[PDB]
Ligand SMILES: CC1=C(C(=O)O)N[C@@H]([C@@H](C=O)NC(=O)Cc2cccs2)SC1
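Just the one chain here, the form deposited without the ligand, laid out as structure tokens.
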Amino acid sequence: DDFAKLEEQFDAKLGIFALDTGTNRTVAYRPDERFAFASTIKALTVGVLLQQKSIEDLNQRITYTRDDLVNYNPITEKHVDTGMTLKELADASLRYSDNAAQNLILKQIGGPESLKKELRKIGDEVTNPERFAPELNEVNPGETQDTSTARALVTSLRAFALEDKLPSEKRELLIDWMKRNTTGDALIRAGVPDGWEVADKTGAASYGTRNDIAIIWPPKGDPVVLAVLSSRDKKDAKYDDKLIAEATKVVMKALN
């Protein structure tokens, strides 16, 4: 009802899945409903890159041209003459949601098709990577390309960051980057109590899609993995971040 209330208030569709790793307690609402993943895919992409290379390989300097720049290149646009290391690219991608950075990384792993194979490998038969950025943001209802589910996103995020798809030191790199994200202050971070550390990755796409996936650490205890996906019934519809913050509060209460 609390979740229904939010859909009413914001005129949006909500997709939620939360798992308490400490008790295996779960919170779900439209858990298996498909939504464009948007930029949330950036986190899964780095997970794959990390698996593919050694910490040292990350120091490889990548040279690019103005031709590699897309619509949003906050960091990337400033280093076209010098090039950027894989490590630096991953930083740009996760912390600033740099689009060119995402594309550069994707190219390094073999493209969307390669990424897909790797996700399948980890046991994720839901996530559907197919395009580069920003076109991946263009999804119409019914379409399945560049989509996923709340349950699938948390399952996959958890695999790479908390489980055995990556060794400890690589897991650490990923978590640090995510913890220091600069784009999610008004989302999941806003619906969490004072003192709890958050690692998150946001996304925004067509049909007023607004997403946030994270891992939350209580003062003392095992982390909580959560996905909050949302969409609206109009192509040019805008989104309201308050939806995410409020939905988060409901989850905490439901788990607390």
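Residue numbers run from 1 along the displayed sequence.
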Per the PDB entry, mean CA B-factor is higher for 43 to 51 or 215 to 223, namely for 215 to 223
Of 56 to 64 vs 203 to 211, the stretch with the larger average CA B-factor in the entry is 56 to 64
Max C-alpha B-factor within the set 155, 183, 149, 108 falls on 108
Per the deposited B-factor column, the C-alpha that peaks among 176, 138, 91, 118 belongs to 138
Chain-relative C-alpha B factor for residue 99 (record values, thirds): the lowest
The third of the chain into which the C-alpha temperature factor of residue 236 falls is the highest
Chain-relative C-alpha B factor for residue 192 (record values, thirds): the highest
Of the three thirds of the chain ranked by Cα temperature factor, residue 24 occupies the highest
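The same protein also has a form solved in complex with the ligand, omitted here; what follows describes it.
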Answer among 194 to 202, 22 to 30, 219 to 227, 48 to 56 for heavy atoms within 4.5 Å of the ligand in the entry with it bound: the stretch 194 to 202
Of 127, 156, 97, 76, the only residue with a heavy atom within 4.5 Å of the ligand in the entry with it bound is 97
The ligand in the entry with it bound has a heavy atom of only one listed residue within 4.5 Å, and of 113, 135, 169, 164 that residue is 135
query: For residue 38, is any heavy atom within 4.5 Å of the ligand in the entry with it bound, or not?
result: yes
Check: Should residue 189 be classed as touching the ligand in the entry with it bound when contacts are defined as heavy atoms within 4.5 Å?
Finding: no
Using the partner position in the entry with it bound, report whether residue 34 sits within 4.5 Å of the ligand, counting heavy atoms only. no
Find out whether any non-hydrogen atom of residue 72 is located within 4.5 angstroms of the ligand in the entry with it bound, and reply yes or no.
yes
Q) Within 4.5 Å of the ligand in the entry with it bound: all of 42, 210 and 239, by heavy atom? A) yes
